[PDB]
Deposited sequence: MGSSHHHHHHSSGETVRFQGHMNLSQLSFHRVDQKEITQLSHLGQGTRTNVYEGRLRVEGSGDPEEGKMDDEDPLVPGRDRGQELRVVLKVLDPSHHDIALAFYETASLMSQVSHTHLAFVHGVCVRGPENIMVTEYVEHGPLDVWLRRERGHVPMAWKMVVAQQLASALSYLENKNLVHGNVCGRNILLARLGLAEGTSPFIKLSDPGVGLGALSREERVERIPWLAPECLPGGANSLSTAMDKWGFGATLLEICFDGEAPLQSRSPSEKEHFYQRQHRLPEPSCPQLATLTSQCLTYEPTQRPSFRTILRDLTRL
């Protein structure tokens, strides 16, 4: 279930970048500034995983979740119309501001992200693509006495429809059980906290596919974060056994208790 957008209602503007089986553009709806996620020419199983994401995102509402306006489906074209968030992806921003992002700023982002994921967990919904690229900055929190404001974006094509090579490319955000899950987002959240702590440089992100697969096969563990208040929590989320990961209710409480 999602809103159908007619092709006449959307205008495509400049290219923002590439996603998994997609090209992202700034656009106009009706006029409202939006983002257009244009799926590549695809088989039906890929387009169905794109529809499942649009349906998931159309049935949720949370202050830290990005809005989905609908989907344009006509012949070979599939375009998801999503919320344009003022300052774009968190990973890109963190890399530009490297060395100048305070610890307190990172803690706020962590709590907002846990609140969005606690909301999804309570509705028994899995995101499957938690990473810095999918976290959007609505407010920067740069001025004295202000705080950042993030929105978790849609997960794009569902993990279940991707190739093994594409899953390997998602290491370290990919939960290890997904390599060959109501707990996969806890691992994705933990790897995103490391990515945030390291100013947008996630561990392993540069390693070759075979090096990434060996790390998981041997159950080597990711580094401790540079934020000392997040070390216990990241270690608990980044456990190979899925049943040992804490719930987002616990994660969100553990963050408020710091």
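Student: Would you list the gaps, meaning deposited-sequence stretches without C-alpha coordinates, in the order they occur?
Tutor: Several stretches lack coordinates - namely 1-27, 58-83, 234-239, in sequence order.
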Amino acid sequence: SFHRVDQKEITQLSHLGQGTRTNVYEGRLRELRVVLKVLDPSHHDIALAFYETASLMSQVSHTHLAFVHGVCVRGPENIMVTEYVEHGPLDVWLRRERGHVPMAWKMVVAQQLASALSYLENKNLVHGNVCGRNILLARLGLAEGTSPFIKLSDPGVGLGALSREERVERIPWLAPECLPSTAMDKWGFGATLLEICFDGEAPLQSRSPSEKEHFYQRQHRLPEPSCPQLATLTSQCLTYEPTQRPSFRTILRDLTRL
From here on, numbers count along this sequence of modelled residues.
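Rigid core: the largest C-alpha set superposing within 1.5 Å between the two forms.
Student: With the rigid core held as the alignment frame, decide whether 68-76 or 121-129 lies farther from the shown form in 8 other deposited structures of this protein, in terms of RMS C-alpha distance.
Tutor: Evaluated in 8 other deposited structures of this protein, the stretch farther from the shown form is 68-76.
Student: As stated in the PDB record, which stretch has the larger average Cα B-factor, 199-207 or 53-61?
Tutor: Per the PDB record, 199-207.
Student: Mean C-alpha B factor from the entry: is it higher for 181-189 or for 112-120?
Tutor: For C-alpha atoms only, the mean B-factor is higher in 181-189.
Student: Sort 66, 48, 230, 39 by C-alpha B-factor from the entry and give me just the highest.
Tutor: When the deposited C-alpha B-factors of 66, 48, 230, 39 are compared, 230 is largest.
Student: Sort 144, 86, 83, 91 by C-alpha B-factor from the entry and give me just the highest.
Tutor: Result of the comparison over 144, 86, 83, 91: 144.
Student: Would you mind checking where the Cα B-factor of residue 10 ranks among the modelled residues of its chain, as the lowest, middle or highest third?
Tutor: Within its chain, residue 10 is a highest-third residue by C-alpha B-factor, going by the deposited values.
Student: Considering only modelled residues of the same chain, in which third does the CA B-factor of residue 163 rank: lowest, middle or highest?
Tutor: Tercile = highest for this residue's CA B-factor.
Student: Please say which third, lowest, middle or highest, residue 43 falls into when its CA temperature factor is compared across its chain.
Tutor: Highest third - that is where residue 43 ends up once the chain's C-alpha B-factors are sorted.
Student: Should residue 76 be placed in the lowest, middle or highest third of its chain by the C-alpha B factor in the entry?
Tutor: It belongs to the highest third of the chain when residues are ordered by C-alpha B-factor.
Student: Split the chain's modelled residues into thirds by Cα B-factor; is residue 223 in the lowest, middle or highest one?
Tutor: It belongs to the middle third of the chain when residues are ordered by C-alpha B-factor.
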